[PDB]
Amino acid sequence: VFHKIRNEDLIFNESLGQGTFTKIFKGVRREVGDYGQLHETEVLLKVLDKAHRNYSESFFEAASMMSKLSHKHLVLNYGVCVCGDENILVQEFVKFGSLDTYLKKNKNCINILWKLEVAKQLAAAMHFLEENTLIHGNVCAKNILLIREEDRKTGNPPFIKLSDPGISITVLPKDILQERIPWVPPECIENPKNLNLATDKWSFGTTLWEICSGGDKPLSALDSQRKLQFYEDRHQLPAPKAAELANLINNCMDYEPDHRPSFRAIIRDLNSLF
Ligand SMILES: NC(=O)Nc1cc(-c2cccc(F)c2)sc1C(=O)N[C@H]1CCCNC1
């Protein structure tokens, strides 16, 4: 199902961080492109920790998810590297990296109309998954990649893409899920089998909170057991200073999954701002 790329066509360079049970690297891919021309393509190389190769089917399923469909806001997958004892995804390389990084570093420079722009693009991506009845399962600012930055001359907005969700929370071990509170919904903490489309509405609300808070991670001062108890007492996240989106956030982060608004409704809400 995955296109096969030979290890000798791939150079592994700098380390770009890690995900849950994964390492990610900037790489270079030599390939034949349109019109027969040879190219050196920057790629993202994503390697599943060999200590955790038992999650490999989830690893590769989460990727084929993003390539079932084609959409302008979904990161492209190029294939899998065929090299022996290893599990390596080859993906589009996004130059400006993760949204959470970019929010922390540019906290000052971001205004309400940049949040709103990014928030809209994300909602358009989620709307598109919605219509296809496709669950992402791991919406968060770190899984949003900045294709391009705002341009203060052309007035052109940033453009973001959504990364694949990684190993699924249906198989991940319980303390990973609990540390992912409050991106993981209450119903999924209670039972990961409760993964639904309404999962992504909650996480979207958490991601909007991240976007309005300049790289702050919600509930970060709270250890695991307190995160759990936050959900027992049915608390809501604090209103972000930039508070234009607090009501939308709370509306998405509804403890009742069936009451979370559709992304069509969310987009209307976002489009009704001055
Ligand atoms: N495709 C691509 O460029 N990805 C990509 C590019 C990143 C990046 C790009 C430029 C500079 C830099 F420091 C990092 S980070 C990242 C990524 O996908 N990170 C994972 C880590 C944890 C959760 N899943 C997101």
# chains A, B, ... in the order shown; residues from 1 in each chain; ligands from 1
call {"tool": "closest_atom_pairs", "arguments": {"of": "chain A", "to": "ligand 1", "cutoff": "9 Å", "atoms": "only C-alpha atoms and all ligand atoms", "output": "Markdown table"}}
result
| residue | atom | partner | partner_atom_place_in_ligand_line | distance |
| --- | --- | --- | --- | --- |
| A:15 | CA | ligand 1 | 13 (F) | 8.2 |
| A:16 | CA | ligand 1 | 14 (C) | 4.9 |
| A:17 | CA | ligand 1 | 21 (C) | 5.9 |
| A:18 | CA | ligand 1 | 21 (C) | 5.1 |
| A:19 | CA | ligand 1 | 22 (C) | 3.9 |
| A:20 | CA | ligand 1 | 22 (C) | 7.1 |
| A:22 | CA | ligand 1 | 21 (C) | 8.1 |
| A:23 | CA | ligand 1 | 21 (C) | 7.8 |
| A:24 | CA | ligand 1 | 19 (N) | 6.7 |
| A:25 | CA | ligand 1 | 6 (C) | 8.2 |
| A:26 | CA | ligand 1 | 6 (C) | 7.6 |
| A:43 | CA | ligand 1 | 3 (O) | 7.1 |
| A:44 | CA | ligand 1 | 1 (N) | 5.0 |
| A:45 | CA | ligand 1 | 1 (N) | 8.0 |
| A:46 | CA | ligand 1 | 18 (O) | 8.1 |
| A:75 | CA | ligand 1 | 1 (N) | 6.6 |
| A:76 | CA | ligand 1 | 1 (N) | 7.9 |
| A:77 | CA | ligand 1 | 1 (N) | 8.5 |
| A:90 | CA | ligand 1 | 1 (N) | 8.4 |
| A:91 | CA | ligand 1 | 1 (N) | 5.5 |
| A:92 | CA | ligand 1 | 1 (N) | 4.9 |
| A:93 | CA | ligand 1 | 3 (O) | 3.5 |
| A:94 | CA | ligand 1 | 3 (O) | 3.6 |
| A:95 | CA | ligand 1 | 10 (C) | 4.8 |
| A:96 | CA | ligand 1 | 10 (C) | 4.8 |
| A:97 | CA | ligand 1 | 9 (C) | 3.3 |
| A:98 | CA | ligand 1 | 15 (S) | 5.2 |
| A:99 | CA | ligand 1 | 15 (S) | 9.0 |
| A:101 | CA | ligand 1 | 13 (F) | 8.2 |
| A:140 | CA | ligand 1 | 23 (C) | 8.6 |
| A:141 | CA | ligand 1 | 23 (C) | 8.9 |
| A:142 | CA | ligand 1 | 23 (C) | 5.6 |
| A:143 | CA | ligand 1 | 25 (C) | 4.6 |
| A:144 | CA | ligand 1 | 25 (C) | 7.4 |
| A:145 | CA | ligand 1 | 5 (C) | 6.6 |
| A:146 | CA | ligand 1 | 9 (C) | 8.5 |
| A:147 | CA | ligand 1 | 3 (O) | 8.7 |
| A:163 | CA | ligand 1 | 18 (O) | 6.2 |
| A:164 | CA | ligand 1 | 24 (N) | 7.2 |
| A:165 | CA | ligand 1 | 24 (N) | 7.1 |
| A:166 | CA | ligand 1 | 24 (N) | 6.8 |
call {"tool": "select_by_dssp", "arguments": {"residues": "region 207-251 of chain A", "states": "helix (DSSP H, G or I)", "output": "ChimeraX atom specification"}}
result
/A:207-212,224-232,246-251
call {"tool": "residues_around", "arguments": {"residues": "residue 228 (chain A)", "least_positions_apart": "4", "cutoff": "7 Å", "atoms": "only C-alpha atoms", "output": "ChimeraX atom specification"}}
result
/A:178,224,232
call {"tool": "write_last_selection", "arguments": {"atoms": "N, CA, C and O atoms", "output": "PDB file, in the first residue's frame"}}
result
ATOM      1  N   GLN A 178      -2.783   9.491  29.736  1.00  0.00           N
ATOM      2  CA  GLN A 178      -3.063  10.416  30.830  1.00  0.00           C
ATOM      3  C   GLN A 178      -2.158  11.637  30.777  1.00  0.00           C
ATOM      4  O   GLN A 178      -2.568  12.732  31.167  1.00  0.00           O
ATOM      5  N   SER A 224       0.207  13.688  36.405  1.00  0.00           N
ATOM      6  CA  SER A 224      -0.742  12.767  35.800  1.00  0.00           C
ATOM      7  C   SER A 224      -1.987  12.628  36.669  1.00  0.00           C
ATOM      8  O   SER A 224      -3.118  12.878  36.218  1.00  0.00           O
ATOM      9  N   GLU A 232     -12.315  14.377  36.537  1.00  0.00           N
ATOM     10  CA  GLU A 232     -13.325  13.947  37.510  1.00  0.00           C
ATOM     11  C   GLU A 232     -14.229  15.101  37.895  1.00  0.00           C
ATOM     12  O   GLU A 232     -15.450  14.964  37.914  1.00  0.00           O
TER      13      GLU A 232
END
call {"tool": "residues_around", "arguments": {"residues": "region 208-212 of chain A", "least_positions_apart": "2", "cutoff": "7 Å", "atoms": "only C-alpha atoms", "output": "count of residues only"}}
result
13
call {"tool": "residues_around", "arguments": {"residues": "residue 273 (chain A)", "least_positions_apart": "6", "cutoff": "12 Å", "atoms": "only C-alpha atoms", "output": "PyMOL selection string"}}
result
chain A and resi 112-113+115-117+120+244-245+248+266-267
call {"tool": "write_last_selection", "arguments": {"atoms": "C-alpha atoms", "output": "mmCIF file, in the first residue's frame"}}
result
data_model
loop_
_atom_site.group_PDB
_atom_site.id
_atom_site.type_symbol
_atom_site.label_atom_id
_atom_site.label_comp_id
_atom_site.auth_asym_id
_atom_site.auth_seq_id
_atom_site.Cartn_x
_atom_site.Cartn_y
_atom_site.Cartn_z
ATOM 1 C CA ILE A 112 -5.684 37.801 16.888
ATOM 2 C CA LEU A 113 -5.941 37.711 13.038
ATOM 3 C CA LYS A 115 -4.625 32.878 15.270
ATOM 4 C CA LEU A 116 -7.912 33.180 13.492
ATOM 5 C CA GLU A 117 -6.320 32.484 10.113
ATOM 6 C CA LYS A 120 -9.675 28.543 10.219
ATOM 7 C CA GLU A 244 -11.872 36.012 21.681
ATOM 8 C CA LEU A 245 -11.922 32.208 21.307
ATOM 9 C CA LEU A 248 -15.535 28.420 21.169
ATOM 10 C CA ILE A 266 -17.195 25.849 14.207
ATOM 11 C CA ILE A 267 -16.222 27.502 10.927
#
call {"tool": "decode", "arguments": {"residues": "region 6-74 of chain A", "atoms": "C-alpha atoms", "output": "mmCIF file, in the first residue's frame"}}
result
data_model
loop_
_atom_site.group_PDB
_atom_site.id
_atom_site.type_symbol
_atom_site.label_atom_id
_atom_site.label_comp_id
_atom_site.auth_asym_id
_atom_site.auth_seq_id
_atom_site.Cartn_x
_atom_site.Cartn_y
_atom_site.Cartn_z
ATOM 1 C CA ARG A 6 15.458 2.415 -1.217
ATOM 2 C CA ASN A 7 17.758 3.360 1.649
ATOM 3 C CA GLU A 8 20.506 4.350 -0.808
ATOM 4 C CA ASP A 9 18.233 7.085 -2.166
ATOM 5 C CA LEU A 10 17.993 8.555 1.353
ATOM 6 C CA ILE A 11 20.447 10.555 3.434
ATOM 7 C CA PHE A 12 19.635 10.985 7.107
ATOM 8 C CA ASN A 13 20.708 14.342 8.447
ATOM 9 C CA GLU A 14 19.859 16.492 11.567
ATOM 10 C CA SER A 15 17.534 15.319 14.345
ATOM 11 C CA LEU A 16 14.357 17.372 14.354
ATOM 12 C CA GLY A 17 12.885 16.063 17.608
ATOM 13 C CA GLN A 18 10.933 12.996 18.708
ATOM 14 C CA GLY A 19 7.348 11.812 18.979
ATOM 15 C CA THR A 20 5.833 9.094 21.096
ATOM 16 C CA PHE A 21 8.180 6.144 20.483
ATOM 17 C CA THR A 22 9.626 7.797 17.358
ATOM 18 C CA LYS A 23 12.579 9.864 16.174
ATOM 19 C CA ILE A 24 12.330 12.373 13.332
ATOM 20 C CA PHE A 25 15.168 13.617 11.139
ATOM 21 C CA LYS A 26 15.729 16.022 8.290
ATOM 22 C CA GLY A 27 16.734 13.937 5.291
ATOM 23 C CA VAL A 28 17.473 14.151 1.579
ATOM 24 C CA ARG A 29 15.920 11.980 -1.119
ATOM 25 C CA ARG A 30 17.465 11.654 -4.582
ATOM 26 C CA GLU A 31 14.678 10.878 -7.045
ATOM 27 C CA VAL A 32 13.596 11.160 -10.653
ATOM 28 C CA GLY A 33 10.863 13.769 -10.927
ATOM 29 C CA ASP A 34 8.694 15.265 -13.618
ATOM 30 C CA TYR A 35 10.189 15.215 -17.086
ATOM 31 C CA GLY A 36 12.903 12.750 -16.061
ATOM 32 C CA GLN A 37 14.873 15.374 -14.131
ATOM 33 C CA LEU A 38 17.029 14.324 -11.172
ATOM 34 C CA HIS A 39 16.204 16.006 -7.866
ATOM 35 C CA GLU A 40 17.569 16.235 -4.331
ATOM 36 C CA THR A 41 14.366 16.400 -2.245
ATOM 37 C CA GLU A 42 14.313 17.500 1.380
ATOM 38 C CA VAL A 43 12.283 14.984 3.305
ATOM 39 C CA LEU A 44 11.178 14.207 6.796
ATOM 40 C CA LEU A 45 12.372 10.810 7.947
ATOM 41 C CA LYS A 46 10.386 9.331 10.858
ATOM 42 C CA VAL A 47 11.791 6.270 12.619
ATOM 43 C CA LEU A 48 9.904 4.088 15.052
ATOM 44 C CA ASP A 49 12.042 3.328 18.137
ATOM 45 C CA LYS A 50 13.254 -0.218 17.646
ATOM 46 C CA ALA A 51 12.513 -0.886 21.296
ATOM 47 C CA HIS A 52 8.865 -0.336 20.287
ATOM 48 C CA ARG A 53 8.529 -2.061 17.016
ATOM 49 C CA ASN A 54 5.472 -3.888 18.310
ATOM 50 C CA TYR A 55 3.478 -0.722 17.526
ATOM 51 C CA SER A 56 4.611 -0.801 13.884
ATOM 52 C CA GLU A 57 1.160 -1.587 12.430
ATOM 53 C CA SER A 58 -0.312 1.423 14.278
ATOM 54 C CA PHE A 59 2.707 3.492 13.184
ATOM 55 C CA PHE A 60 2.010 2.801 9.514
ATOM 56 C CA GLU A 61 -1.777 2.867 9.777
ATOM 57 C CA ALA A 62 -1.773 6.406 11.119
ATOM 58 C CA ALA A 63 0.222 7.398 8.010
ATOM 59 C CA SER A 64 -1.883 5.649 5.395
ATOM 60 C CA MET A 65 -4.744 7.576 7.045
ATOM 61 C CA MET A 66 -3.336 10.886 5.747
ATOM 62 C CA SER A 67 -2.822 9.383 2.249
ATOM 63 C CA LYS A 68 -6.261 7.739 1.782
ATOM 64 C CA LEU A 69 -7.325 11.303 0.998
ATOM 65 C CA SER A 70 -5.610 14.211 -0.724
ATOM 66 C CA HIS A 71 -6.074 17.670 0.736
ATOM 67 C CA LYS A 72 -4.138 20.918 0.742
ATOM 68 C CA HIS A 73 -3.904 20.893 4.588
ATOM 69 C CA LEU A 74 -2.725 17.263 4.982
#
